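Below, in structure tokens: the form deposited in one PDB entry, a single chain.
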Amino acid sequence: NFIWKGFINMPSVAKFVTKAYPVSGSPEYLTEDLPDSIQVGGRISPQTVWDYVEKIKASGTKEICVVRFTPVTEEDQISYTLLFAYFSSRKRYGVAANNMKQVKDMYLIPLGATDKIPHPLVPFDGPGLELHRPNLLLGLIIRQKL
């Protein structure tokens, strides 16, 4: 019941295969809107993203989809952990650089295992996130609605 399988590729940091699972507002048609390999082209401060997200909500013209990335093999998990640490240690989110036509933005959010879910994504509309979990990379997908 995964939505998408592909690469996350951040040059000179980590490249690995992951499955994306639904968390909130993430229909399976997202598979059509994600490339084979998500290219991480930048980093951005979380507060800047949350400010943007509340303007996005006010516009009524986008859908905010949250997915959970899972490494597919033990080798993938090693790189997944590198990339989590890259963003976590800098207090940054990743920014995708190669979005398909229907995707306005995609951000990569490191969610610590005991972290509280960043409040703009609450509440989830979908399976949500379990309380007991590893360190996670979430994908915040800003998709064209109308």
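Residues that one form lacks are left out of the comparison. Under this definition, the rigid core comprises the largest set of C-alpha atoms superposing within 1.5 Å between the forms. Residue numbers run from 1 along the displayed sequence.
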| query | finding |
| --- | --- |
| Mean Cα B-factor comparison, 115 to 123 or 79 to 87, giving the higher one as deposited | 115 to 123 |
| Average Cα temperature factor in the PDB entry - higher stretch of 124 to 132, 18 to 26 | 124 to 132 |
| Criterion, highest CA B-factor; candidates, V67, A96, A58, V49 | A58 |
| Among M106, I44, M100, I109 - the residue whose C-alpha B-factor is largest in the record | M100 |
| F7, C-alpha B-factor rank within chain (lowest, middle or highest third) | lowest |
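Just so it is clear, the following notes concern the form deposited in another entry, a form of the same protein that is not shown.
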query	finding
Single mover in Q77, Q102, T61, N98, with Cα shift of 2 Å or more between the shown form and the other one when the core is superposed	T61
Per-residue C-alpha change between the shown form and the other one, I117, threshold 2 Å, rigid core fit	yes
Post core alignment: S89 C-alpha displaced by 2 Å or more between the shown form and the other one	no
Rigid core fit then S37 CA moved by 2 Å or more between the shown form and the other one	no
Note on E63-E130 C-alpha separation in that other deposited form, which departs from the shown form by 3 angstroms or more	closer
Sense of CA distance change between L131 and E63 in that other deposited form, threshold 3 Å	closer
Taking the rigid core as reference, consecutive runs of 3 or more residues that move 2 angstroms or more in Cα between the shown form and the other one	26 to 30, 47 to 49, 58 to 63, 113 to 117, 142 to 146
